[PDB]
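Protein chains in written order, with my numbering: chain A, 3 to 344; chain B, 2 to 345; chain C, 3 to 344; chain D, 17 to 359.
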Amino acid sequence: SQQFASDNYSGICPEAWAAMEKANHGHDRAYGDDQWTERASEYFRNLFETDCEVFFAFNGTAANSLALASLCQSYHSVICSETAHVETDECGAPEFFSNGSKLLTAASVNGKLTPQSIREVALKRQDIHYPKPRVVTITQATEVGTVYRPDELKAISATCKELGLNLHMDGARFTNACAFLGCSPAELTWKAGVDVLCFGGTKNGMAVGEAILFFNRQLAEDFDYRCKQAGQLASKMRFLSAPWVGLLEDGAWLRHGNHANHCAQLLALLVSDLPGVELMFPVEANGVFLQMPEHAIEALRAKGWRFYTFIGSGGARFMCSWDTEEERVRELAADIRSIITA
Amino acid sequence: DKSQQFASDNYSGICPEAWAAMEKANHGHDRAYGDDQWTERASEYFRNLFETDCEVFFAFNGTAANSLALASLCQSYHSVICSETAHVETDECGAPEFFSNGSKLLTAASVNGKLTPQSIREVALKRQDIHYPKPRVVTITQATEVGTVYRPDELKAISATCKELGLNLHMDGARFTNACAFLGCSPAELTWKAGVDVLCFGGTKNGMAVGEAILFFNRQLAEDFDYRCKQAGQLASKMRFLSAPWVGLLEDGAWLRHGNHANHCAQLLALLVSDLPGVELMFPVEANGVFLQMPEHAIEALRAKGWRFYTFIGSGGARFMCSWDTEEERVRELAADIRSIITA
Amino acid sequence: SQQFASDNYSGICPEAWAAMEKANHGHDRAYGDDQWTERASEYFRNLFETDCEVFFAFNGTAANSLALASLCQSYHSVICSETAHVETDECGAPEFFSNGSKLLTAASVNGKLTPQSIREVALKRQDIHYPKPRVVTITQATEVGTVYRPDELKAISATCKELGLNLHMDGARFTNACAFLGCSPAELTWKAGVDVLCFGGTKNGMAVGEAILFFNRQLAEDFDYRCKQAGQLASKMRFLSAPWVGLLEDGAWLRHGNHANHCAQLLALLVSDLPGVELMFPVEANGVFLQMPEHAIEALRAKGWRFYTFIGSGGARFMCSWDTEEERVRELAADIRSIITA
Amino acid sequence: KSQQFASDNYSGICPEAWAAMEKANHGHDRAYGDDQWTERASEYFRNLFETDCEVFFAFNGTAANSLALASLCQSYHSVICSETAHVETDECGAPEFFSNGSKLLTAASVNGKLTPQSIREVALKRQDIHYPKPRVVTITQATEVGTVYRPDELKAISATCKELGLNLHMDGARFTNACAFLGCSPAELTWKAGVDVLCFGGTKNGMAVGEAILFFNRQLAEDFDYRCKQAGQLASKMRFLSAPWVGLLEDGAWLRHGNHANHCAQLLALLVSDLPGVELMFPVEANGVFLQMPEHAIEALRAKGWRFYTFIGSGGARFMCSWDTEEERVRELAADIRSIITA
Ligand SMILES: Cc1ncc(COP(=O)(O)O)c(C)c1O
Ligand SMILES: Cc1ncc(COP(=O)(O)O)c(C)c1O
Ligand SMILES: Cc1ncc(COP(=O)(O)O)c(C)c1O
Ligand SMILES: Cc1ncc(COP(=O)(O)O)c(C)c1O
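So, in structure tokens, the structure goes:
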């Protein structure tokens, strides 16, 4: 019995595990200076069609927090959404890594920032009493399962230029957004004005690690020193970089993302039209956000269905992963149908 | 006439009591960093004034004083609960987060510039999971940034909640004087008798050149605070010039005379104008500021001899602020021009 | 093949690979709340013979830096040796993690602090101009391959208690110290007064991760929040904790350490009676420190041997790992004889 | 008779500072630097240093140096200082707090002074990611042991800093004493010799509170006002930090107070360095006299009513003269040294 709590509970996929076994034969130089790390970096430059600089941190909390700290001073501020992971789920790590850059929440719409909600935040305060906004962060796919599209990104970068702002992307679930859309990685990042991407691996079948991709190379000066000082330098770096070889060499990363997307779409197809069940947001990645009644405690007691419930408390989230079985999706949907109609 | 506007009580000068104390203190050589007669003398007056054995420190300004006090009350992986209009949130260029190394400021709902036990509980109970920094402090401002005052009963309620939730309670008393004068309470009744643990007591705004007193009523919380301040660049070499002015202000009641004056000036203005049509007082005048909804005639009062004052990022709302040295006649001139303008 | 630069270049030992394989069957709850993490902590508790609090971080730099930041405030100081890793190899990580606690170097005989060298540094500075010392960190085995003995530790501990200092152990090479002396782990830590131990895993055959053991559970208050904010919290904690189960269940940790020690003791035995070659320190762990003449170049770059050279001209350090073959040792000692004799 | 030789930090507010504060206390004026006194001070600083330097005020020298160093490199970079540097010995770890972890690396010093060689020693042995990369050099002028960098010593440090990509900061807590002694222009002791940033002490030379921070390289001062604000170092009532500089700078008073304090230290040392068992530990190039003495110094200390800073214990004794030091009291102190040792 697997569950729908989160894609952090999934295991290592076979291509990641296979890269790791290959990387475990021999001795190799530490701290980045190895063949596996240069191969993964080469793959990243080709995938994104650019000479991006590539770094590897241990988890997404540190990767986001480092990236942002490199994009502005402690006396500047960072514009994010209200559901942003850097605002809700990192126990104040950005502020620790930045030595006090304020996160200013902007209004959002479908989990997404807009040009107007940014400007409303930035321009309310170019006075020294306020840390001057200098960075926008967006999550792709968002924390509520939605996806910024290329033109929405460009509109946001446009505001970032009117206002002086760098643009960071938390791509913890970037794959899900690439699977969903036709796009190439480049059209979803630097072609649309993205300065830096944090590209999640852990959630897409890896044991540990995130990649950080600087598309403006002037912003990446000495980033390796920052990472070391912040305790984010793997000595046995191949075991962070090798799985990215596995996942990128013939498109497995994007297959695993389509799978997880298809499971969540299937779940929503099966349940979103029942009575008393409202889809909170369109299913554009691997999550399903349902308003339901006291049937959550029934779906919860009635078999250990494991899933997250909001403090909104008339609301539940189901997350699908690369290793989710369609049959389990149908079984979950069936139990939801039973519990509502009966 | 005249240099004196209605923009900020931070444009006022050094009052005579503060100046006279600095001059006396400028007679001889004394030892540094707190080990002088003036600093001990000032601490005595604070203990006497607050009726308790509070520990006393001096910093250079309110931003550091608040930022130091809050950092001493919880870890970087804990959070601070404040109002949406708290100076620590709006006016300190992120100093609290710098001084604490990353304590998140969590804003709670405000009724009349004030937090309630309810708004504190709501923020606090949503964040027991490790994804959020755990709340460990509530900060309140007295008088508040919209010129309202918390009453001892309002404070006791907050203090109970903080004690139920394991929260320390910090008071930003940049305008503490204005709240004591208005209510007529004792300082002790507006701080530790209602459960305040640490008070930042502003001097600058009420007639000093520089300097803010930090008072720890809960002395477990003050261990090594002097090292914290030193490392933070907040230790005066010539400490007598921070502490002597508090002897000036406290020996004979001048601090409250100056606060009552600024309050009475603010109250006058509101009396003179709050009955005119198209002029709403947004908040009771419980300290030294006046908050008026008016029409686009802000430019009218603004252009008219360049009354200087603050507008909000809001269209038709203005803030007039009085200090220890505001002349009542300037207030009368201002209220007059406000009336002329609205009746024309 | 394999070199003598650092025990950081070695791979994942078999007991640890196996544990990760078993831990990769199924889904598990995140951020520490899994059976592997509980099992690992139980092994530590039995192994050290005490109810110690157990945490996992990603590497030794963060682990040390985290433990030390938890033992004193930013306006306090830490007493460490001049060769301490926290002073030389961490790109200022301790100061970053502690928000500015000063590291005060005390004098070392044989890579080791003494009660006297601690006292000198601590009493010199009881005035506010100086951050007040509040922690002693020692390294076990030390950075020069020596080992503190239970009696030396107890002595250092008596000083710490008298001066109100906490005692931290950087045990990046703790296995080597235990293998060598034959003591119980308890006898080299809490029975001798150690408050906190950073227990190296990466160096003894893991891909990633260190264990942090608090022997005073009150000092561990909220360490989990500290680690989370610092970006040191694994989402898939089982892949940091299961390898510890593998290394500890049947005694592999200590076997792997005796191996690395024996190879290093062999290398020194083979070359010690040579004329131009002097052993700078007793071989008490897995490193050999040799003063020989700048004909280290004929060993080095020349025949392709890899090893670190001390900032002393012709100061070479040779490091043996869990997977060092005795034949490569006998080879290295043979080439050293050719270059010296002829 | 409260007049001692422990520290020029115990001195009072001088008349030119006091009179300037008095003039500034007439009216209302806008806060946080937007002020007639702050602009006048800045113009005096620019004329005095013969250049278009950007001017800031902070509350004290610990913060002034810590802020200046923090703007000159990143937390994962390092600062090269001397073994006697105030930032290393006297600031309770403030540099590291303000920079969020920049390592202070000490370099070998002779007579309180860094040299191009000792800087180079440190900077070139710290070249891989294990070590925070050096990015700044700080020097103190006058130094912590009462000596002075000569313009030519400063040019040579600057040349080494330019070659190594290092910025150059100057802790001028006692800058007045160095200018008074050497007869150089301020420009010749700062930016003509390569200095990027000066912290110019006012408190030690007759003010109540405050330091000036001068950026000669204007690019390095970007957003420095925001850094100061976040660090708790922005005066609401800025006129009371900047007006005393108007008083000190408008007609020479700063140097006159520096020469007085140096001449008083020169007299003290003149009158006693010929006694036996009494030795000057360093040249008297500012307002300090460092004397190696006999433990019986305790009788100068003792019940003689003399305060001064005993070294580690008991060898050294350090004496410091101030703008308000009385020559007579110097002659007294030297006479009481004279007796005690003449028996
Ligand atoms: C949207 C988002 N960003 C970043 C992270 C950080 O992920 P982690 O620290 O578990 O690798 C998560 C969990 C996430 O959901
Ligand atoms: C409510 C409140 N708290 C603190 C401060 C900080 O004062 P300062 O300008 O002296 O840093 C102010 C201005 C304030 O209005
Ligand atoms: C003695 C010592 N302690 C701690 C560490 C930190 O190890 P890591 O390289 O895994 O950050 C090392 C490398 C070390 O040699
Ligand atoms: C050489 C030096 N630099 C900086 C300072 C800091 O001065 P303050 O005590 O005003 O913080 C002092 C006292 C000093 O002697």
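Backbone N, C-alpha and C fix where the C-beta goes; we use that ideal spot for every residue, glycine too.
Environment of residue i [buried if 16+ CB atoms lie within 10 Å]
i: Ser-18(D); result: exposed
i: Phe-313(B); result: exposed
i: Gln-267(C); result: buried
i: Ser-174(D); result: buried
i: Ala-344(A); result: exposed
i: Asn-48(C); result: exposed
i: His-131(A); result: exposed
Same chain, Cβ closer than 6 Å to residue i, neighbours up to 5 away in sequence not counted
i: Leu-272(A); result: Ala-335
i: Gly-259(C); result: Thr-177, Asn-178, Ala-181
Own chain residues within Cβ distance below 7 Å of residue i, not counting five before or after
i: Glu-311(D); result: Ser-330
i: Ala-20(C); result: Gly-248
i: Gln-235(B); result: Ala-60, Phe-61, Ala-65, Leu-69
i: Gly-278(A); result: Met-294, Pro-295, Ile-342
i: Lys-205(A); result: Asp-9, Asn-10, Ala-174, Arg-175
i: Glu-55(A); result: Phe-216, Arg-219, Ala-222
i: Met-22(A); result: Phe-241, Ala-244, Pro-245
i: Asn-263(A); result: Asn-178, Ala-181, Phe-182, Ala-287, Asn-288
i: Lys-305(A); result: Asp-337
i: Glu-300(A); result: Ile-341
i: residue 364(D); result: A question about residue 364(D) goes unanswered here, because the residues of chain D that appear run from 17 up to 359.
Unbroken beta strand (DSSP E) run spanning residue i, endpoints
i: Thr-139(A); result: 134 to 141
i: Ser-80(B); result: 79 to 84
i: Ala-60(B); result: 56 to 60
i: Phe-216(C); result: 212 to 216
i: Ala-69(C); result: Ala-69(C) -> not in any beta strand (DSSP E); alpha helix (DSSP H) instead, spanning 62 to 71.
i: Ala-95(C); result: Careful: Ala-95(C) lies outside any beta strand (DSSP E), inside the alpha helix (DSSP H) at 95 to 100.
Residue range of the unbroken alpha helix (DSSP H) whose run includes residue i
i: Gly-259(C); result: 254 to 273
i: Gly-248(A); result: 240 to 250
i: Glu-122(C); result: 117 to 126
i: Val-198(A); result: Run containing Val-198(A): none in the alpha helix (DSSP H); it sits in the beta strand (DSSP E), 198 to 202.
i: residue 385(D); result: As displayed, chain D neither begins before 17 nor continues past 359, which places residue 385(D) out of reach and without an answer.
Own chain residues within Cβ distance below 8 Å of residue i, not counting five before or after
i: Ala-157(A); result: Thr-116, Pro-117
Check: residue i C-beta below 7 Å from any heavy atom of ligand 5
i: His-87(C); result: In terms of ligand content, the structure shown lacks ligand 5 and carries ligand 1, ligand 2, ligand 3 and ligand 4 instead.
Amino acids of chain F, ordered along the chain, whose beta-carbon sits closer than 7 Å to that of residue i
i: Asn-102(B); result: In the displayed structure, chain F is absent; the protein chains listed are A, B, C and D.
### chain C contacts from the segment 221 to 250 of chain B (Cβ-Cβ distance under 7 Å)
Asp-225, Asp-227, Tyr-228, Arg-229, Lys-231, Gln-232
#### Entry: Interfacial residues, the segment 66 to 81 of chain A to chain B, with Cβ spacing under 8 Å
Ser-76, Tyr-77, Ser-79
### Query
According to a CB-to-CB cut-off of less than 9 Å, which residues of the segment 114 to 134 of chain A neighbour chain D?
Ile-130, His-131, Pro-133, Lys-134
### Query
Which runs of the alpha helix (DSSP H), 4 residues or longer, sit entirely within the segment 21 to 53 of chain C?
37 to 50
### Completely contained beta strand (DSSP E) runs for the segment 162 to 191 of chain D, where each covers 3 or more residues
183 to 188
### Task
Please specify which runs of the alpha helix (DSSP H), each continuous and at least 4 residues long, are wholly inside the segment 305 to 349 of chain D, giving them in chain order.
314 to 317
### Residues of the segment 293 to 320 of chain D with Cβ closer than 7 Å to any Cβ of chain A, in chain order
The residues in question: there are none.
### Task
Anything in the segment 181 to 194 of chain C with a Cβ closer than 9 Å to a Cβ of chain D? List those residues in chain order, please.
none
### Query
Which residues, in order along the segment 305 to 329 of chain B, keep a beta-carbon less than 7 Å from a beta-carbon of chain A?
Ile-314
### Task
Could you run through the segment 192 to 218 of chain A and flag, in chain order, every residue whose CB is less than 7 Å away from some CB of chain B?
none
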